[PDB]
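S.K.: sequence, then the experimental structure. Questions to follow.
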Amino acid sequence: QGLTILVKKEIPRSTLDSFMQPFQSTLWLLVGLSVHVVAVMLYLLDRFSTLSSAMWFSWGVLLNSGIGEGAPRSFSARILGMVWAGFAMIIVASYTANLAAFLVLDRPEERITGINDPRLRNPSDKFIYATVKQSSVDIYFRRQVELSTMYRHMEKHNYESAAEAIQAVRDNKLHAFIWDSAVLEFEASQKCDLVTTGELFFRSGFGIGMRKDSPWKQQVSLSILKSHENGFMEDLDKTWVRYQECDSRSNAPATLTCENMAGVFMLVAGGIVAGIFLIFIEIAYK
Amino acid sequence: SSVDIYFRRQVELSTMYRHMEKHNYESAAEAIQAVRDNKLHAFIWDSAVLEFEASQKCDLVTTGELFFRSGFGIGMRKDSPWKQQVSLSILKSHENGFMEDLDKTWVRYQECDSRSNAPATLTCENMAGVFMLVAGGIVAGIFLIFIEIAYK
Amino acid sequence: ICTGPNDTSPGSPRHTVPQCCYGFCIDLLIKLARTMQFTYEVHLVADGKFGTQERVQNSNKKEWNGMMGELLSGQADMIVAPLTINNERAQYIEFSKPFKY
Amino acid sequence: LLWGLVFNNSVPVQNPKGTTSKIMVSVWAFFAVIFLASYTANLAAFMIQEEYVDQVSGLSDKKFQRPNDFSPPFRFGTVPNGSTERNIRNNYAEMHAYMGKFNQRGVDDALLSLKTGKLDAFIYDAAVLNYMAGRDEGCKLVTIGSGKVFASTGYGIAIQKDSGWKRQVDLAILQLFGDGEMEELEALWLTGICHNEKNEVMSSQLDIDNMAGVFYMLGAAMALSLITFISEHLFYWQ
Amino acid sequence: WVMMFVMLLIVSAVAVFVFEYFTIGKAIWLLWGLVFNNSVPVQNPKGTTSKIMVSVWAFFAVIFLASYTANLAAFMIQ
Amino acid sequence: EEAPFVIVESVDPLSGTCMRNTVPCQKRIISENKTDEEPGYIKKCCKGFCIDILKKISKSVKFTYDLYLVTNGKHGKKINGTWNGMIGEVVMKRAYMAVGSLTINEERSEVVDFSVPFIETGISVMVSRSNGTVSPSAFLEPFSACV
Ligand SMILES: N[C@@H](Cc1cc(-c2ccc(Cl)cc2Cl)cc(CP(=O)(O)O)c1O)C(=O)O
């Protein structure tokens, strides 16, 4: 067995403020200004040789719903409508382009890569290590003084027993909890909130203890070498470490949710409210 | 070179010391012409002979990470008297900006930039696959009516 | 002016023809020369390589190659070129401080 | 008719007829679909590309020698009363009198203005900066490339004049270089967190100008329309 | 999806509000179409305010799909 | 004293005396000169970058050393035309070498001599990164004029 860094993984959910995210809140304004410009300017600039026959026209070509009537009868309005539509397409093209350059290039922060990188060679005081006090891994640490930058932080956060120092990672009280291998690679294999990074550094080996030159040295040292080639230990492996309940956790990139899409529903509500409060006015004028 | 001798007196890259053993050139006065011909698809050398090759040509760029932090210098034989007046004359040229005038006098740099390029410049000869469809429709359209007369 | 048999690289004989050697380092050489009263006439490398040590004579001796071999032999007298600083040449030659970091 | 469907749509318009044309408009519809579907994907890449930091030359550059050509922006800072300011005042006298109201108190007050725009550039020594590179979590602090900078010198070892040891500290330190050990020490004492790739990060909430780059095309079309009206009116004036 | 269908049914029905100036079996057939980038022949609404409501829903239409097709550039990149 | 290459750290008796990659160092602090007692003090252990290069120079050129921090006549500079500082305390033979924060100018090198330097340093700049590069000519960029 060996030693590996346990790390709690997070359930991914990407953040969008509202549907109008990728537009600075000034751009919609001049887009509306331009639509009114070309619409009304077309109406007049064809009336020389149908007001709503320009209003609805250029207020519908943008929203891609061929509602109502209107057409360029003169040679005037034809070219202007014909390029107005091209603009109305280029906008709805680049909007999708820029949302796709966002909802793909925003993954969470890169996971920890073990004790190789400088990201841990200085513990920034936000996220924290731990191990069990008077362990064997602290014994490995102290006799390598270079990680005194690390060792110091662990001098104040270690825990009494591994069960507590792992239960306290499932409550966001502590990010990492270093230990060996054959108590991690079992632990994550029950629930869905723990995951390793696998990288090995301490190729140790467990063993049995007994005082020096007891009457039992050679007999045990033999009767273990038996039970690794007649399958006994393999059957023990299968029977007692009931392995698989979890899976690959294949990085589902943020299917959206209700509160991440509330903006459009305020739009449709602003539409509905216009109903009974525009059935009064333009019928009182009737 | 000055880099081979860094490589043959160190073993952890013996694989590389071999890998070069049957390729190396005559001098760097030919390899910067070579890489523009795709014969040797890489090259490793000093700095001030490569980071200037972004201002005369612009086809061939560097990568951006240092290797071995030595410097250059003027050579003189074993402990001749000039060995001290020279050292006290060099620093006479690192406050009056003499080096800062030569920096503009003999590296005519900033004629190009790294300028991470544009992806997917899509064009004709890999969008033709649909123009053939519409052309087939167009040409089949002058053929169909030569049949539907029979329906009448 | 700048002498040299360098009309041909190694792989063909040499014809002695002066040339021009201008650029960056000549200005440093001169900015020092007026500072220490030189009167020079610059030579060029006949080996077409920097030069280092290797097993020569099909034997077990050593002999420095290239321009440093031209120097320690005594024919040359001073090295101005982008010559590097490395331990293996440090032991037999006297470097200045560095100038172009 | 054969414009609105390559783009979104016109108003419903007449003249689909001719019992074999009833396939030509369909074929153009298909070609539209594929065309727009190639566009509004391939353009979804031109909003993803590397970052971009200014291309400053050595300070023998018009952006600093005359820091009022582009008059508003630049304001260089430093900390005087040291052995670097005197280095400025033997070739670049005017810029110190140009410093004025930006004499930041100490070295570690510059990294509080480069987080609020109060300073634009900042002149100082090299190694303390290169160490201060990998020291801020927010990776919006860098240096410029090497081989350019001003006071090219170094840190040596001070051996008593005419001692016998200045002959034998070289062959130790230059061995330490030329046998692959020092950069290890550097990676153990200098290298920082953010000496990694400047990989592709997203773009921002689209502002006006970047999208205004086509409002000008809309304007040119408006001009075409006006010219056409003024012209065609002559046939009625004849 | 569920609340999209809900507001679809609601706004299609309350299109009946033009009675205070086609069946439900006609309105649904319109609005459920356009959301799917439709091209079905349709009998238009009658009423300026009806035009306004349909405009609102068409705005919702141009936002929905332009978001969806944006996301499917993620589950196709596995 | 306080470079990023030679860091001073006061001792804790965890092993009775500074160990584990350090080397001891001294600095005789005193004040109230009228005390007329034995003048001096104790100091701490010194580690870091230049400490590291020092150790490798030492156990490869075969001498033995001892460090003592400097207290008065502060870091090398000029006063009254004499030479105090981290060069004076090498010209008055109270020491033999100086390692750590120095330079090679035309003044600190007329009194003492110098080695071959082991970093690079000089007057540099420091700028920002310019977050944001939306190309404003995209809306006609994708398809070449060929199509
Ligand atoms: N080698 C230099 C010494 C020297 C050292 C420093 C310095 C200051 C803080 C830190 Cl943390 C690290 C360093 Cl290395 C700064 C300056 C310059 P200044 O203080 O004016 O900005 C300086 O000159 C010499 O001998 O003149």
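M.R.: Good, I have the coordinates. Residues are numbered from 1 along each chain as shown, chains lettered A, B, ... in the order given.

S.K.: select the longest helix from chain D.
M.R.: As assigned by DSSP state H, the longest helix anywhere in chain D is helix D:208-236.

S.K.: any residue of that one up close to chain B?
M.R.: No. Contact between helix D:208-236 and chain B is absent, the nearest approach being 15.1 Å (criterion: C-beta under 8 Å from any C-beta of the partner chain). For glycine as for every other residue, the C-beta is placed from the backbone atoms N, C-alpha and C.

S.K.: and that helix, how far from the chain's centre?
M.R.: Offset of helix D:208-236 from its chain centre (C-alpha atoms, centre = their mean, to the nearest Å): 35 Å.

S.K.: may I see the buried residues of it?
M.R.: Residues D:210, D:211, D:213, D:214, D:215, D:218, D:221, D:222, D:225, D:228, D:229 are the ones in helix D:208-236 that count as buried (16 or more other C-beta atoms under 10 Å in any protein chain shown).

S.K.: tabulate the residues you listed (TSV), appending distance to chain A.
M.R.: Output for the buried residues of helix D:208-236, formatted as TSV (distance: C-beta to the nearest C-beta, whole Å):
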residue	distance to chain A
D:210	10
D:211	6
D:213	10
D:214	6
D:215	7
D:218	6
D:221	4
D:222	7
D:225	5
D:228	7
D:229	5
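
S.K.: ok, so of these, who is nearest residue F:31?
M.R.: residue D:210 (65.9 Å; C-beta to C-beta).

S.K.: what residue in chain D comes nearest to chain E?
M.R.: residue D:44 (7.0 Å; C-beta to the nearest C-beta).

S.K.: since we're on that residue, how many residues are nearby?
M.R.: Other residues near residue D:44 number 24, with proximity taken as other C-beta atoms under 10 Å in any protein chain shown.

S.K.: quick one: residues contacting the closest residue to residue D:91 other than its chain neighbours.
M.R.: Once flanking residues are discounted, residue D:91 sits nearest to residue B:97: 4.3 Å by C-beta to C-beta, 6 or more residues apart in numbering or on different chains. Residue B:97 sits next to D:60, D:90, D:91, D:92, D:150 when contact means C-beta atoms under 8 Å, 6 or more residues apart in numbering or on different chains.

S.K.: let's see which of these end up in helices.
M.R.: Among the contacts of residue B:97, no member falls in helices (DSSP H).

S.K.: can you lay out the residues you listed as TSV showing neighbour count?
M.R.: Formatted as TSV, the contacts of residue B:97 follow (neighbours: other C-beta atoms under 10 Å in any protein chain shown):
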residue	neighbour count
D:60	18
D:90	10
D:91	16
D:92	18
D:150	25
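
S.K.: of those, closest to residue D:108?
M.R.: When the contacts of residue B:97 are ranked by distance to residue D:108 (C-beta to C-beta), residue D:150 comes first, at 21.4 Å.

S.K.: ok now do the closest residue to that closest one other than its chain neighbours, which residues does it touch?
M.R.: Closest residue to residue D:150 apart from its sequence neighbours, by C-beta to C-beta, 6+ apart: residue F:123 at 3.4 Å. Residue F:123 makes contact with D:84, D:87, D:88, D:123, D:124, D:125, D:126, D:149, D:150, D:151 under the criterion C-beta under 8 Å, 6+ apart.

S.K.: export the residues you listed to a markdown table and tack on distance to residue B:50?
M.R.: Listed next are the contacts of residue F:123 as a markdown table, based on distance: C-beta to C-beta, whole Å:
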| residue | distance to residue B:50 |
| --- | --- |
| D:84 | 30 |
| D:87 | 29 |
| D:88 | 31 |
| D:123 | 27 |
| D:124 | 27 |
| D:125 | 26 |
| D:126 | 21 |
| D:149 | 18 |
| D:150 | 22 |
| D:151 | 24 |
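
S.K.: ends of stretch F:110-126, what's the gap?
M.R.: One end of stretch F:110-126 to the other measures 32 Å (C-alpha to C-alpha, to the nearest Å).

S.K.: same check, this time on stretch D:58-73
M.R.: 19 Å.

S.K.: likewise for stretch F:74-85?
M.R.: 5 Å.

S.K.: contacts for that stretch next, please.
M.R.: Taking C-beta under 8 Å, 6+ apart as the rule, stretch F:74-85 contacts F:1, F:70, F:73, F:86, F:87, F:88, F:91, F:101, F:102, F:107, F:108, F:111.

S.K.: same question for stretch F:137-147.
M.R.: So stretch F:137-147 is contacted by A:90, A:93-94, B:118, B:120-124, B:127, D:39, D:42-43, D:46-47, D:210-211, D:213-214, D:217, F:135 (C-beta under 8 Å, 6+ apart).

S.K.: now, which of the residues you listed lie within helices?
M.R.: Those of the contacts of stretch F:137-147 lying in helices (DSSP H): A:90, A:93, A:94, D:39, D:42, D:210, D:211, D:213, D:214, D:217.

S.K.: interface residues of chain C facing chain D?
M.R.: C:85, C:86, C:87, C:88, C:90, C:91, C:98, C:99, C:100, C:101.

S.K.: and with 6 Å instead?
M.R.: Residues of chain C found near chain D (C-beta under 6 Å from any C-beta of the partner chain) are C:86, C:87, C:90, C:101.

S.K.: I'd like those written out as TSV, with secondary structure, neighbour count and distance to residue D:140 added.
M.R.: Output for the residues of chain C next to chain D, formatted as TSV (DSSP: H, G, I helix; E, B strand; the rest coil; neighbours: other C-beta atoms under 10 Å in any protein chain shown; distance: C-beta to C-beta, whole Å):
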residue	secondary structure	neighbour count	distance to residue D:140
C:86	coil	21	38
C:87	helix	19	40
C:90	helix	18	42
C:101	coil	22	27
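
S.K.: from these, which two are the most distant?
M.R.: Using C-beta to C-beta for every pair in the residues of chain C next to chain D, the one that comes out farthest apart is C:87 and C:101, at 18.5 Å.

S.K.: out of the contacts of residue F:123, flag the one nearest to chain A.
M.R.: residue D:126 (20.9 Å).

S.K.: so the closest one sits right up against residue F:125, yeah?
M.R.: No. Using C-beta atoms under 6 Å, residue D:126 is not in contact with residue F:125; the gap is 9.8 Å.

S.K.: return the subset of the contacts of residue F:123 lying in helices.
M.R.: Per DSSP H, these map to helices at D:87, D:88.

S.K.: among the contacts of residue F:123, name the buried ones.
M.R.: Buried among the contacts of residue F:123 by 16+ other C-beta under 10 Å: D:84, D:87, D:88, D:123, D:124, D:125, D:126, D:149, D:150, D:151.

S.K.: for the residue in chain C that chain B sits nearest to, give me its contacts.
M.R.: Ranking the residues of chain C by distance to chain B (C-beta to the nearest C-beta) places residue C:79 first, at 2.6 Å. Neighbouring residues of residue C:79 by C-beta atoms under 6 Å, 6 or more residues apart in numbering or on different chains: residue B:75.

S.K.: what's the distance between it and chain D?
M.R.: As for residue C:79, its distance to chain D is 16 Å (criterion: C-beta to the nearest C-beta, to the nearest Å).

S.K.: for that residue, helix, strand, or coil?
M.R.: strand (DSSP: H, G, I helix; E, B strand; the rest coil).

S.K.: who's it bridged to?
M.R.: residue B:75 (DSSP bridges).

S.K.: if I look at it, how far off is the ligand?
M.R.: Computed as C-beta to the nearest ligand atom, to the nearest Å, the residue C:79 to the ligand distance reads 28 Å.

S.K.: quick one: name the residues of chain D near chain C.
M.R.: So chain D meets chain C at D:152, D:170, D:174, D:175, D:178 (C-beta under 6 Å from any C-beta).

S.K.: please name the nearest non-neighbouring residue to the third one.
M.R.: Distances taken as C-beta to C-beta, 6+ apart put residue C:87 closest to residue D:174, at 4.5 Å, once the chain neighbours are dropped.

S.K.: pretty sure the one you found contacts residue D:178?
M.R.: Yes. Using C-beta under 6 Å, residue C:87 is in contact with residue D:178, at 4.2 Å.

S.K.: which ones are touching residue C:31?
M.R.: Counted by C-beta under 6 Å, 6+ apart, residue C:31 has zero contacts.
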